[PDB]
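Please read the structure below before turning to the comments.
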Amino acid sequence: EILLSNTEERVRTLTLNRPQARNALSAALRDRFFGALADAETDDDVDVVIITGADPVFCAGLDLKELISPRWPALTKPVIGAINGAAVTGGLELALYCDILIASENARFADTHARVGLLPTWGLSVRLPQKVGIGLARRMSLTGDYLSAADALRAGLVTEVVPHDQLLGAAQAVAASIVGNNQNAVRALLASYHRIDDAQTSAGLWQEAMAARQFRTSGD
Amino acid sequence: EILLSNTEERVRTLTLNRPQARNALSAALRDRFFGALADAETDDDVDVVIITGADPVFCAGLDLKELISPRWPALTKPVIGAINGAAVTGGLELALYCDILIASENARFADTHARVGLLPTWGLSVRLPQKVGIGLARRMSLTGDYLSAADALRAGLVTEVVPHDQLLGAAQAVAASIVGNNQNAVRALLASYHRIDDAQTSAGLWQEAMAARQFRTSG
Amino acid sequence: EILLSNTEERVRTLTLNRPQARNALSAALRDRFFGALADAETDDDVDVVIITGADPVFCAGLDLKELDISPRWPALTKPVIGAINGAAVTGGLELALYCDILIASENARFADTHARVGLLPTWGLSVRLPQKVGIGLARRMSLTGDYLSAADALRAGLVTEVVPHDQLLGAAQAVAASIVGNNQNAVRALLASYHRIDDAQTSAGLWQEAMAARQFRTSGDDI
Amino acid sequence: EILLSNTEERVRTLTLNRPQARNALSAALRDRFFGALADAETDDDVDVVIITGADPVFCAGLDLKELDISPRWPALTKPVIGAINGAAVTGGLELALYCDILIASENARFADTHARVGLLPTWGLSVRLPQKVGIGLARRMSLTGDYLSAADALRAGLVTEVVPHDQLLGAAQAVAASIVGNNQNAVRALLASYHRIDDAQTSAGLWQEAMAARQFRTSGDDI
Amino acid sequence: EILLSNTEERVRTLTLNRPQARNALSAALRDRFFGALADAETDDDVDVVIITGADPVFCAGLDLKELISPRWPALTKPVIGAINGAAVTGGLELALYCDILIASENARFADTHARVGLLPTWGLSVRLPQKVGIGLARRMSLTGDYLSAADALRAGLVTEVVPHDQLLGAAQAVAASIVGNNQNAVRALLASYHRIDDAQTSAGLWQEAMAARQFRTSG
Amino acid sequence: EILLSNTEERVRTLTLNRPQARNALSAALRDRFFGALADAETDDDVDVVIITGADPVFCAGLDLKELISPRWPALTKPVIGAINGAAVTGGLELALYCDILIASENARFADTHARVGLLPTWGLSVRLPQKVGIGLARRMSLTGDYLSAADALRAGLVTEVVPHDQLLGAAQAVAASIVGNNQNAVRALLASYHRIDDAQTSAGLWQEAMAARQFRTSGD
């Protein structure tokens, strides 16, 4: 129940499914999600992964009630994020890991790390400015204010915005187009893109990790 | 006839000219185009280059019938690309090399590498993310779908979209403004831009080349 | 009077104030402005800095009538919001590029005249302009010298927001208020990290910018 | 008693002190050692730190009998001289690699057993070992598990000096004295810069080291 | 006959075998050598590779008579080079690819690229400075002089120098110790070393390749 | 007089010549030296440059009595440093700029920046550890102690050490070997090496510059 999984036309959709807890990532949901991605890489029945959330929220972030190392695994199959509502903090980081984002008109995005007195460890501080721009990333992180779907489209955080009821259809359409191409090339090319990106982001991700340790050390 | 070249008031326009083959880049057309850019760098009558294609396509890519090391030379004179229609795969890569792009309303852009079962070797895997964003580059490369002129503008791939018949006039206008500035500074600054950019892209282009070698090696 | 400073509820606003000279940066105004950024970092009454200009220009660039211009934007851990009220040109475009966060008046516009006057930049334009507006737009800006409108800067990602002229400071103070409302140890530890991550990318470019500027000056000392 | 600390004329010496257990780093000794480095940076009585071990081993590595080992060597601006009195193995080789400056007893020797015991490193061996002994020697060390003698470490550049065993601390304190005699604001501003320059190079490698270690643990959680 | 291959107790030794042409790498010998390394990566009977040459030269470089893209494949199994004599130019580059080197007292090393009017394309301009120091790489490349086995040891190019007749035994000894360790960890660590190294060398190898293209272009 | 210049067999030797001031670099000597290198690049009569000092010192560093931006120009011809005695501080930086070093038994090397309360601006803090190793560079910089010719050979700072009276002969021999090779290739290759090195050292040199400005700012 806490994660749904379904495979149609070689596209597997993973759905975060604790809607009454606004899809917060508990220890259980983290293990199940990150495990489900790893399995999709090795499963010859799947070419593309779509990730989404049960409405009205995509992901509210880590289950802070309950409470952090990075776990997104190495994939050569593409992951499309179908963002159905608020993506906040660690939930925003999940969106940021996706290769391709599409958004409902209901999508919005926020970083509350500075608001709740924490620092990111899942790449926000690298990938946010990479994907929305330096100033917008800094405005988002320091104010903690929401970025709308329309503005996310403008800044290049998502590739498409559609009416709520069309969201999954749109993600499936992009996935069908991928599925219809040569998959040896899809994966070789995507693996190459990840390598080239990783080469630029490693140093920055190391610094994100060190900044978080130092912040935790002095607060303790 | 396959490449047209005209020099006017220190602006040289190179026109890919195989309209019936949608300006597909043959071995002969590669040699004339890349060679023309090299000649342009050292010709003292030239301050600025404009590249374009004979209608209705800018460049369909490599000539796949006939059938790929990089050959765009090191330049300190600016190259404005006037995209008059489809820029596909190899031809998107030509667009990506240009310092500044302006598009007809008819421009559209595509990467069909993964559709036809090849990996890029002219910088697409580096420059496309650089110029349209990671998300969109990945959506383009993996789908093979066209990005419209208007979306190219939004994403920052092109600086201007004008109606089709204003395209060259729009390119010549930008050229005139560059020519009207101090050419010593224009070249020193451009060289510096290239250097700073090259420092960021080198690693990535090497990884692009190795990925292509490994892919060609398995098949 | 060439630089105004005012401090309201942990937000310090620095206003370049030579309106009749378009807020051109004379040596005196540079010493004043850069000195003021330095102080703000050490002042325990300040969490956020806003920089802006006296209408109608934000900043026309260096005082060329008055005129080796080394970089002087100091290491800060507090955010600096640029409220761009009008033209930011050349050095003044560089000041804007240094800001963490920009907000524009519909009156704002942006331009690089380094190639027009035949000089190369030493305050990071060659690195940060492509970084924050895209490569092709940066190259077209620098090489033509033409103005980028507020609408196009928003489209390009150079500013976060365009508002009507009389709302400009209101919009900067609203972002300021939200930052001030958050946990300031976290705000600073994150901004610092953001700055280290960015710096790790820009440093090789800034060195090459500086070497290019030295080489260009030295070959003109042969003309 | 598991860690000795002594402070003499602005030089603090930290001696790993479980000789009969070869100065293996138990959780208690790690908390003690790393805590002590942290304190030294904030202590106004200390300009220079020397780390060494109780004879006959410098440090045998982590307490494996006792046994996710994240990096804990803190950001310091004061120099740390490693006086290597004997074997430094695996984690203990990593502690030595963290030092700014090494001096060895003829008794010192160095080894990486990560591949022998089937573990990957997370304290920077994969980055710093090639950095400070050369690529081929690092690869031969890590892959064979064999010992590198003091003589060969000097030849390779891993240590700055080899002395007779009973001169070891004398030689570390002599370097300490000279550093202490210099301008300490300059000593620290330069060391800090040295650390930023190095860090800009090592950071991408340290991240990749960490990811490799995560991937290796996760595929063994399938065995 | 041109490449010898023997597998023993999970150690494979590849021997360049054109002694009369001083193991010069012909088109055919390149294909067999590079192909052999690729086969080695996927052969489950192999943990460690040793490369060496038939006496008296390790490798004289490319076969210049007959007459250069890089082709050393991505490996996670260690390659020990047993340098039995002269390693020159292309052949120095083979030595530089190896994870670990051991030398006969007869080994010597040279870069004759600038003497014969060529620029390197197999990583010399990156890996030589990396492995002997900047000063010495530059003295080597610009002079064309030999670096002796003993000096190679001092400078860190090789890990061990042994008398000529102990060379292979010295290489097999290191191989045995690697084989005796946990191979999962040995491969994961080696892959990680390669990755970390590749991250530092990519930009440089791209610049190496472009410098070679520009040089070939002017002549 | 303050700089000597002589060209034999297409090898130009530049000799720092204020021996009674231990070849300290005054404003005049800086202009004349850095100008002399720039001229050698453009002078078709020259293939190699050797730099050295009038005995007993190579270079004591900047004329501190008198009192700093970097000025070593872009060269494609090789520069061999013939180090005849002490190379200290800015003088050590000069040695570090050379492509190839050879040393008299009289050579020694020192960094006194921390001793005299200054920070380097001519690349010491990048190139020292590049060429002698991280720990030795740190030992040298923080103690200010001399490194001998023998140890400099060991650490890889110089390529050769010879008796004092043989020093220039040795440099001329290495230069003759260069001169006898194909000069199009010598220069293309050396230009490529400089590009590859510059790519690794730029970020670090920028940080050296920033560290120096910040140190000067706080001391003022």
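Here, A, B, ... name the chains of the structure tokens in the order displayed, residue numbers run from 1 inside each chain, and ligands are numbered from 1 in the same displayed order.
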(message) So that I can check the surroundings of region 63-78 of chain B, please list as a ChimeraX atom specification every protein, DNA and RNA residue that reaches within 7 Å of it, counting only C-alpha atoms and ignoring chain neighbours fewer than 2 positions away.
(response) /B:24-26,34,38,41,47-49,61,80,99,121-122,187,190-191
Keeping only C-alpha atoms, write the selected residues to a file as a CSV table (one decimal), in the first residue's frame.
```csv
chain,number,residue,atom,x,y,z
B,24,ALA,CA,22.2,17.2,-45.6
B,25,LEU,CA,25.9,17.4,-44.9
B,26,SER,CA,27.8,15.2,-47.3
B,34,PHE,CA,34.4,23.6,-42.2
B,38,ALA,CA,38.7,28.3,-41.3
B,41,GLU,CA,39.2,33.4,-39.4
B,47,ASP,CA,34.8,40.6,-39.0
B,48,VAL,CA,31.6,38.5,-38.6
B,49,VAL,CA,30.2,35.3,-40.2
B,61,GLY,CA,22.1,16.5,-40.4
B,80,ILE,CA,25.6,34.1,-36.1
B,99,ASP,CA,27.9,32.1,-30.8
B,121,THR,CA,30.1,13.3,-31.6
B,122,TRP,CA,29.8,17.0,-32.3
B,187,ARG,CA,37.8,39.5,-30.7
B,190,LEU,CA,35.1,36.5,-27.8
B,191,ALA,CA,38.3,34.5,-27.5
```
Would you give me, as JSON lines, each residue of region 60-168 of chain E having an atom within 12 Å of an atom of region 76-88 of chain F, along with its shortest atom pair and that distance in Å to one decimal, using only C-alpha atoms and sorting by chain and residue number?
```
{"residue": "E:135", "atom": "CA", "partner": "F:80", "partner_atom": "CA", "distance": 9.6}
{"residue": "E:136", "atom": "CA", "partner": "F:80", "partner_atom": "CA", "distance": 11.6}
{"residue": "E:138", "atom": "CA", "partner": "F:78", "partner_atom": "CA", "distance": 8.9}
{"residue": "E:139", "atom": "CA", "partner": "F:80", "partner_atom": "CA", "distance": 9.2}
{"residue": "E:141", "atom": "CA", "partner": "F:78", "partner_atom": "CA", "distance": 11.2}
{"residue": "E:142", "atom": "CA", "partner": "F:78", "partner_atom": "CA", "distance": 8.5}
{"residue": "E:143", "atom": "CA", "partner": "F:78", "partner_atom": "CA", "distance": 11.0}
```
(message) Please find the residues of chain A near chain C - the criterion being any atom within 10 Å, counting only C-alpha atoms - and write them as a count of residues only.
(response) 45
Check which residues of chain E sit at most 9 Å from chain F using only C-alpha atoms, and return one row each with the closest pair of atoms and their distance in Å to one decimal, ordered by chain and rising number, as JSON lines.
```
{"residue": "E:113", "atom": "CA", "partner": "F:185", "partner_atom": "CA", "distance": 7.8}
{"residue": "E:114", "atom": "CA", "partner": "F:185", "partner_atom": "CA", "distance": 4.9}
{"residue": "E:115", "atom": "CA", "partner": "F:181", "partner_atom": "CA", "distance": 4.7}
{"residue": "E:116", "atom": "CA", "partner": "F:182", "partner_atom": "CA", "distance": 7.1}
{"residue": "E:117", "atom": "CA", "partner": "F:185", "partner_atom": "CA", "distance": 5.4}
{"residue": "E:118", "atom": "CA", "partner": "F:185", "partner_atom": "CA", "distance": 6.4}
{"residue": "E:119", "atom": "CA", "partner": "F:189", "partner_atom": "CA", "distance": 6.3}
{"residue": "E:120", "atom": "CA", "partner": "F:189", "partner_atom": "CA", "distance": 8.4}
{"residue": "E:125", "atom": "CA", "partner": "F:193", "partner_atom": "CA", "distance": 6.3}
{"residue": "E:126", "atom": "CA", "partner": "F:196", "partner_atom": "CA", "distance": 7.4}
{"residue": "E:132", "atom": "CA", "partner": "F:156", "partner_atom": "CA", "distance": 8.3}
{"residue": "E:133", "atom": "CA", "partner": "F:156", "partner_atom": "CA", "distance": 6.6}
{"residue": "E:134", "atom": "CA", "partner": "F:131", "partner_atom": "CA", "distance": 7.1}
{"residue": "E:135", "atom": "CA", "partner": "F:100", "partner_atom": "CA", "distance": 4.8}
{"residue": "E:136", "atom": "CA", "partner": "F:159", "partner_atom": "CA", "distance": 5.9}
{"residue": "E:137", "atom": "CA", "partner": "F:100", "partner_atom": "CA", "distance": 9.0}
{"residue": "E:138", "atom": "CA", "partner": "F:100", "partner_atom": "CA", "distance": 6.6}
{"residue": "E:139", "atom": "CA", "partner": "F:100", "partner_atom": "CA", "distance": 6.2}
{"residue": "E:141", "atom": "CA", "partner": "F:186", "partner_atom": "CA", "distance": 8.2}
{"residue": "E:142", "atom": "CA", "partner": "F:178", "partner_atom": "CA", "distance": 5.4}
{"residue": "E:143", "atom": "CA", "partner": "F:178", "partner_atom": "CA", "distance": 4.8}
{"residue": "E:144", "atom": "CA", "partner": "F:177", "partner_atom": "CA", "distance": 7.7}
{"residue": "E:145", "atom": "CA", "partner": "F:177", "partner_atom": "CA", "distance": 8.2}
{"residue": "E:154", "atom": "CA", "partner": "F:154", "partner_atom": "CA", "distance": 7.3}
{"residue": "E:155", "atom": "CA", "partner": "F:156", "partner_atom": "CA", "distance": 6.9}
{"residue": "E:200", "atom": "CA", "partner": "F:200", "partner_atom": "CA", "distance": 8.5}
{"residue": "E:203", "atom": "CA", "partner": "F:196", "partner_atom": "CA", "distance": 7.7}
{"residue": "E:204", "atom": "CA", "partner": "F:196", "partner_atom": "CA", "distance": 5.2}
{"residue": "E:205", "atom": "CA", "partner": "F:196", "partner_atom": "CA", "distance": 8.4}
{"residue": "E:207", "atom": "CA", "partner": "F:196", "partner_atom": "CA", "distance": 6.7}
{"residue": "E:208", "atom": "CA", "partner": "F:192", "partner_atom": "CA", "distance": 6.7}
{"residue": "E:211", "atom": "CA", "partner": "F:192", "partner_atom": "CA", "distance": 6.2}
{"residue": "E:212", "atom": "CA", "partner": "F:188", "partner_atom": "CA", "distance": 8.8}
{"residue": "E:215", "atom": "CA", "partner": "F:188", "partner_atom": "CA", "distance": 7.2}
```
Writer output for current selection, N, CA, C and O atoms, as a tab-separated table (two decimals), in the first residue's frame:
```
chain	number	residue	atom	x	y	z
E	113	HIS	N	58.09	12.19	-29.99
E	113	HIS	CA	57.05	12.91	-30.78
E	113	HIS	C	57.54	14.19	-31.46
E	113	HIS	O	57.40	14.37	-32.66
E	114	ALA	N	58.11	15.10	-30.67
E	114	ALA	CA	58.61	16.37	-31.19
E	114	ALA	C	59.87	16.19	-32.06
E	114	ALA	O	60.20	17.07	-32.84
E	115	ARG	N	60.58	15.08	-31.92
E	115	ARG	CA	61.72	14.81	-32.78
E	115	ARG	C	61.20	14.43	-34.17
E	115	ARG	O	61.68	14.96	-35.20
E	116	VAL	N	60.19	13.56	-34.23
E	116	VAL	CA	59.68	13.12	-35.53
E	116	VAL	C	58.56	14.00	-36.10
E	116	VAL	O	58.01	13.69	-37.14
E	117	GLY	N	58.22	15.09	-35.41
E	117	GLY	CA	57.24	16.05	-35.92
E	117	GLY	C	55.79	15.62	-35.82
E	117	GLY	O	54.99	15.84	-36.75
E	118	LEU	N	55.44	15.00	-34.70
E	118	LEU	CA	54.04	14.64	-34.42
E	118	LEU	C	53.67	15.10	-33.02
E	118	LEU	O	54.55	15.42	-32.22
E	119	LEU	N	52.36	15.16	-32.75
E	119	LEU	CA	51.83	15.42	-31.41
E	119	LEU	C	51.09	14.18	-30.94
E	119	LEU	O	50.56	13.45	-31.76
E	120	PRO	N	51.11	13.89	-29.62
E	120	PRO	CA	50.51	12.65	-29.09
E	120	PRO	C	48.98	12.67	-29.05
E	120	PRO	O	48.37	13.75	-28.91
E	125	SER	N	50.47	13.65	-23.12
E	125	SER	CA	50.61	15.03	-22.67
E	125	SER	C	49.91	15.27	-21.33
E	125	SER	O	50.12	16.29	-20.66
E	126	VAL	N	49.10	14.30	-20.95
E	126	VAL	CA	48.43	14.31	-19.67
E	126	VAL	C	49.14	13.38	-18.70
E	126	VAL	O	49.50	13.81	-17.59
E	132	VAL	N	55.65	11.29	-13.98
E	132	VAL	CA	57.07	11.63	-13.69
E	132	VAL	C	57.32	13.05	-13.18
E	132	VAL	O	58.46	13.39	-12.86
E	133	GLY	N	56.28	13.89	-13.11
E	133	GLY	CA	56.43	15.32	-12.81
E	133	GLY	C	56.44	16.19	-14.05
E	133	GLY	O	56.76	15.73	-15.14
E	134	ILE	N	56.12	17.47	-13.88
E	134	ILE	CA	55.97	18.39	-15.02
E	134	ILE	C	57.33	18.65	-15.64
E	134	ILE	O	57.49	18.62	-16.87
E	135	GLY	N	58.30	18.91	-14.76
E	135	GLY	CA	59.62	19.30	-15.16
E	135	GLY	C	60.22	18.24	-16.03
E	135	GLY	O	60.71	18.52	-17.12
E	136	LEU	N	60.18	17.01	-15.53
E	136	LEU	CA	60.82	15.89	-16.20
E	136	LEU	C	60.06	15.53	-17.48
E	136	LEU	O	60.67	15.15	-18.47
E	137	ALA	N	58.73	15.64	-17.47
E	137	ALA	CA	57.95	15.30	-18.68
E	137	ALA	C	58.34	16.24	-19.78
E	137	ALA	O	58.50	15.83	-20.94
E	138	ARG	N	58.50	17.51	-19.41
E	138	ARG	CA	58.87	18.52	-20.35
E	138	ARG	C	60.31	18.37	-20.82
E	138	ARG	O	60.61	18.50	-22.02
E	139	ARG	N	61.21	18.05	-19.91
E	139	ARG	CA	62.57	17.75	-20.35
E	139	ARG	C	62.58	16.53	-21.30
E	139	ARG	O	63.24	16.55	-22.34
E	141	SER	N	60.04	15.33	-23.24
E	141	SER	CA	59.32	15.51	-24.51
E	141	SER	C	60.07	16.44	-25.42
E	141	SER	O	60.07	16.26	-26.66
E	142	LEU	N	60.73	17.42	-24.83
E	142	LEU	CA	61.36	18.42	-25.66
E	142	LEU	C	62.74	18.01	-26.14
E	142	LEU	O	63.15	18.42	-27.22
E	143	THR	N	63.42	17.18	-25.35
E	143	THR	CA	64.76	16.68	-25.75
E	143	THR	C	64.70	15.43	-26.61
E	143	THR	O	65.51	15.30	-27.55
E	144	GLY	N	63.77	14.54	-26.29
E	144	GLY	CA	63.74	13.18	-26.85
E	144	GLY	C	64.68	12.20	-26.16
E	144	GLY	O	64.82	11.06	-26.59
E	145	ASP	N	65.34	12.62	-25.08
E	145	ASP	CA	66.30	11.77	-24.41
E	145	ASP	C	65.61	10.65	-23.60
E	145	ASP	O	64.47	10.79	-23.14
E	154	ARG	N	63.03	6.72	-9.25
E	154	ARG	CA	63.11	7.92	-8.41
E	154	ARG	C	61.90	8.82	-8.66
E	154	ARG	O	61.30	9.30	-7.72
E	155	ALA	N	61.53	8.99	-9.91
E	155	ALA	CA	60.49	9.93	-10.31
E	155	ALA	C	59.06	9.40	-10.10
E	155	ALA	O	58.09	10.17	-10.16
E	200	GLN	N	39.78	13.81	-13.46
E	200	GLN	CA	40.88	14.78	-13.55
E	200	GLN	C	41.53	14.86	-14.95
E	200	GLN	O	41.95	15.94	-15.38
E	203	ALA	N	39.41	16.58	-19.34
E	203	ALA	CA	39.62	17.88	-19.97
E	203	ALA	C	40.94	17.88	-20.71
E	203	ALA	O	40.99	18.30	-21.85
E	204	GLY	N	41.97	17.36	-20.06
E	204	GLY	CA	43.30	17.36	-20.61
E	204	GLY	C	43.41	16.51	-21.85
E	204	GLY	O	44.12	16.85	-22.79
E	205	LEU	N	42.73	15.36	-21.85
E	205	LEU	CA	42.80	14.48	-23.02
E	205	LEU	C	42.04	15.08	-24.20
E	205	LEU	O	42.40	14.84	-25.35
E	207	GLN	N	41.84	18.37	-24.74
E	207	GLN	CA	42.80	19.38	-25.22
E	207	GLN	C	43.93	18.72	-25.97
E	207	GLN	O	44.44	19.29	-26.95
E	208	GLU	N	44.35	17.54	-25.53
E	208	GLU	CA	45.39	16.83	-26.25
E	208	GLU	C	44.87	16.52	-27.64
E	208	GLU	O	45.58	16.77	-28.63
E	211	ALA	N	44.64	19.68	-29.89
E	211	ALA	CA	45.94	20.20	-30.26
E	211	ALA	C	46.42	19.36	-31.44
E	211	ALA	O	46.91	19.89	-32.42
E	212	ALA	N	46.27	18.05	-31.34
E	212	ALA	CA	46.67	17.17	-32.45
E	212	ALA	C	45.88	17.49	-33.73
E	212	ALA	O	46.48	17.62	-34.79
E	215	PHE	N	47.29	20.75	-35.20
E	215	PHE	CA	48.62	20.55	-35.75
E	215	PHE	C	48.57	19.81	-37.09
E	215	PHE	O	49.27	20.20	-38.03
```
(request) Go through region 58-172 of chain C and collect every residue that DSSP, computed from the backbone, puts in strand (DSSP E or B); the answer should be as a PyMOL selection string. (result) chain C and resi 59+62+80-84+87-89+101-105+109-111+148-149+162-163
Could the residues in this selection be written to a file with C-alpha atoms, as a short mmCIF file (atom, residue, chain, number, x, y, z; two decimals), in the first residue's frame?
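Writing done, so here's part_2.cif:
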```
data_model
loop_
_atom_site.label_atom_id
_atom_site.label_comp_id
_atom_site.auth_asym_id
_atom_site.auth_seq_id
_atom_site.Cartn_x
_atom_site.Cartn_y
_atom_site.Cartn_z
CA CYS C 59 24.03 52.34 -12.35
CA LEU C 62 32.33 53.40 -13.92
CA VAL C 80 22.12 40.76 -1.18
CA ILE C 81 19.01 41.53 -3.21
CA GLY C 82 19.43 43.84 -6.18
CA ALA C 83 16.44 46.15 -6.77
CA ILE C 84 17.14 47.31 -10.32
CA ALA C 87 19.60 50.97 -16.64
CA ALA C 88 22.48 48.80 -15.40
CA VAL C 89 25.35 49.15 -17.85
CA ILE C 101 18.72 37.77 -6.12
CA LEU C 102 17.47 40.43 -8.53
CA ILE C 103 14.11 42.13 -8.76
CA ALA C 104 13.42 44.57 -11.59
CA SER C 105 11.30 47.58 -12.27
CA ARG C 109 17.31 47.43 -18.65
CA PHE C 110 20.72 45.87 -19.02
CA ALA C 111 23.71 46.36 -21.32
CA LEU C 148 18.06 43.95 -22.75
CA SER C 149 14.59 44.95 -21.57
CA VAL C 162 9.49 42.35 -12.82
CA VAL C 163 7.09 44.81 -11.07
#
```
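With only C-alpha atoms as the atoms that count, the residue of D:119, D:150, D:171, D:29 with the shortest distance to chain E is D:119.
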(request) Have a look at E:10, E:19, E:123, E:98 and name the one nearest to residue 202 (chain E); count only C-alpha atoms. (result) E:123
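The residues of chain D lying at most 8 Å from chain E, with only C-alpha atoms taken into account, are residues 114, 115, 116, 117, 118, 119, 120, 126, 127, 134, 135, 136, 137, 139, 140, 143, 144, 145, 155, 156, 204, 205, 208, 209, 212 and 216 of chain D.
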Export, as a short mmCIF file (atom, residue, chain, number, x, y, z; two decimals), in the first residue's frame, the selected residues with N, CA and C atoms.
```cif
data_model
loop_
_atom_site.label_atom_id
_atom_site.label_comp_id
_atom_site.auth_asym_id
_atom_site.auth_seq_id
_atom_site.Cartn_x
_atom_site.Cartn_y
_atom_site.Cartn_z
N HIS D 114 42.24 -2.44 2.74
CA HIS D 114 40.81 -2.37 2.35
C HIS D 114 40.46 -3.53 1.41
N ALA D 115 41.20 -3.73 0.32
CA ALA D 115 40.87 -4.83 -0.59
C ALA D 115 41.12 -6.22 0.01
N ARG D 116 42.07 -6.34 0.93
CA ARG D 116 42.33 -7.62 1.58
C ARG D 116 41.13 -8.06 2.42
N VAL D 117 40.61 -7.16 3.25
CA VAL D 117 39.43 -7.45 4.03
C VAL D 117 38.11 -7.25 3.26
N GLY D 118 38.18 -6.87 1.99
CA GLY D 118 36.96 -6.59 1.22
C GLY D 118 36.11 -5.43 1.70
N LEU D 119 36.69 -4.25 1.83
CA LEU D 119 35.94 -3.04 2.13
C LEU D 119 36.48 -1.94 1.24
N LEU D 120 35.69 -0.90 1.02
CA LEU D 120 36.18 0.24 0.28
C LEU D 120 36.35 1.36 1.26
N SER D 126 41.33 6.87 -1.41
CA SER D 126 41.31 6.67 -2.87
C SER D 126 41.68 7.94 -3.62
N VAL D 127 41.58 9.08 -2.95
CA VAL D 127 41.96 10.33 -3.52
C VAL D 127 43.39 10.71 -3.13
N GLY D 134 51.89 8.93 -5.60
CA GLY D 134 51.88 8.60 -7.03
C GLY D 134 50.84 7.54 -7.37
N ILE D 135 50.34 7.54 -8.60
CA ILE D 135 49.23 6.63 -8.99
C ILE D 135 49.62 5.15 -8.91
N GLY D 136 50.74 4.77 -9.51
CA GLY D 136 51.10 3.36 -9.62
C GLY D 136 51.41 2.71 -8.28
N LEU D 137 52.15 3.43 -7.44
CA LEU D 137 52.42 2.98 -6.10
C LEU D 137 51.14 2.87 -5.29
N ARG D 139 48.12 2.27 -6.46
CA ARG D 139 47.37 1.15 -6.95
C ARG D 139 48.01 -0.16 -6.51
N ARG D 140 49.34 -0.21 -6.48
CA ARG D 140 50.02 -1.42 -6.06
C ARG D 140 49.81 -1.62 -4.57
N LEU D 143 46.11 -2.71 -3.96
CA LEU D 143 45.65 -3.96 -4.55
C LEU D 143 46.40 -5.18 -4.01
N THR D 144 47.63 -5.01 -3.58
CA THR D 144 48.38 -6.10 -2.94
C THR D 144 48.23 -6.09 -1.42
N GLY D 145 47.99 -4.95 -0.83
CA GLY D 145 48.03 -4.92 0.62
C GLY D 145 49.44 -4.92 1.22
N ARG D 155 61.14 8.33 -0.71
CA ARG D 155 61.45 8.38 -2.12
C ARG D 155 60.23 8.86 -2.94
N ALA D 156 59.07 8.32 -2.58
CA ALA D 156 57.78 8.66 -3.18
C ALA D 156 57.19 10.04 -2.80
N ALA D 204 35.53 16.48 -5.99
CA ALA D 204 34.87 15.56 -6.94
C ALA D 204 35.34 14.14 -6.67
N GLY D 205 36.60 13.95 -6.33
CA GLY D 205 37.04 12.60 -6.01
C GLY D 205 36.47 12.00 -4.71
N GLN D 208 32.95 10.84 -5.31
CA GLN D 208 32.99 9.58 -6.03
C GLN D 208 33.47 8.42 -5.14
N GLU D 209 34.46 8.67 -4.29
CA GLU D 209 34.85 7.70 -3.27
C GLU D 209 33.64 7.30 -2.44
N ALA D 212 31.06 5.26 -4.49
CA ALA D 212 31.59 3.91 -4.69
C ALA D 212 31.39 3.02 -3.44
N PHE D 216 29.06 -0.35 -3.21
CA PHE D 216 29.68 -1.61 -2.79
C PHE D 216 28.98 -2.24 -1.58
#
```
